[PDB]
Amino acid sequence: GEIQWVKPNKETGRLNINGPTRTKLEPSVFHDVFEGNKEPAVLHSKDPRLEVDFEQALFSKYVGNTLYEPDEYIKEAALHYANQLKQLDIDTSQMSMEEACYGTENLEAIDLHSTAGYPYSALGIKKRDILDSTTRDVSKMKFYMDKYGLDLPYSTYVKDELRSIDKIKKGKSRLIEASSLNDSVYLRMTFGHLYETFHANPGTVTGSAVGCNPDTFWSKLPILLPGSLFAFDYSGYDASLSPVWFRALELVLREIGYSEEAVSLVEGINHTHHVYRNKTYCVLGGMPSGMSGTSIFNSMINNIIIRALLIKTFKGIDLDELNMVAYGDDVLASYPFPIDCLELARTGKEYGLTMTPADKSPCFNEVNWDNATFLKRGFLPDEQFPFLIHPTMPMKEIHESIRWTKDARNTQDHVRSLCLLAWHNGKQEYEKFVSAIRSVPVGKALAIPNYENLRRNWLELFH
């Protein structure tokens, strides 16, 4: 992805889009019970902790574009992935506006608390003024679709969240690039049925884990990914995507039967305009972060990428023996023989992709079930039923979370949520966690899940 131009909003006529510049994050009553280094992300150019120019740090993720047109490898990769999707029998017909707004069994209703985006946000119109759960009204939505149309700019907000000290000094805050309600509705009508298929079928046929619940999904993954594992990290995946990957996605959507009218929406993703503060800017390439379908299309593009990388770097790859699941840029894959990701990464750099080792070291070391991570969780067989796999979240991450709060009124829910993640690390580590929580007065006031009930609730998910 590459910024093509930046203009004042005076010159483009776009409304200003401003988000909060003060963090809601404050130290919690556990701030000194646990160790951690993270602090709230920089939200303002005048943050005293910055050691670089903030806005330049924010937009450095757009590293440029390399390829624009699919080569032979990307074409074969796209066709192989699309052929695989055919068995799912995706409904390529347009989803009704009423389903698209108010939801189906496998597609959540449009959230009425998340932004309506441009221009409704700037004008002061919330979604509750357009959409109504009770009435399932689509009349006003049709009106506003006609009034403001489509290809509206993406509203850019900085995300208020914890970050490591290094990312605070270098201003590497993360951006939400929120699509207008009109484009969301339009994308959900065009692809809502494919979204349903993906949400209902996380696994190695979609090649996607969007919609999975890790508590149950983890036990399927060693069976879905037989053989030798491979995985790696991307640096700035979404923003590094060149236009070739959107051309490749068009190839996939066409081959599984989408109308040219539907396929034509992809160029509106490849080429997007954004408003941040009082400026408009054009981005060519790059996936917007707050678009309807960001995770799914990121995941689909990843399926094309891994296939293309394999057949370009190695001779004799049989793609039918590849198994992979992606959640956006996060990937876990397997193949009958070990795959050298040092070579995959070399090829990836030609495509404009920066790929680093999974274990965060400088060397591409072996990935196996004892060290693999997906969605930030490891894989730990249950000691009693070894076919049941615990998703393990490192206590370090849980420790970072519990030391801060955006509203100490919600301390109980926050601590409970963390306990539901923590117990998978085992009884000893969990009770150590609970003991520390209970070492301060507020901790003695909280209802904390008992390990045995947690484990028994989990086992019952498998019936």
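Counting begins at 1, following the sequence as shown.
When 126-134 is weighed against 207-215, 126-134 comes out higher, by mean CA B-factor as recorded in the entry. Taking the PDB entry as given, 115-123 carries the higher mean Cα B factor of the two stretches 115-123 and 371-379. Of the candidates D166, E76, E343, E161, it is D166 whose Cα B-factor is highest according to the PDB record. As recorded in the entry, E260 carries the highest CA temperature factor of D330, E260, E177, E250. Sorting the modelled residues of the chain by their CA temperature factor places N182 in the highest third. Per the deposited record, the Cα B-factor of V52 falls in the highest third when ranked against the other modelled residues of its chain.
Annotation for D233: CA B-factor lies in the lowest third of the chain's modelled residues. Ranked within its chain, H274 lands in the middle third, by CA B factor from the PDB record. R188: CA B factor lies in the highest third for its chain, per the PDB record.
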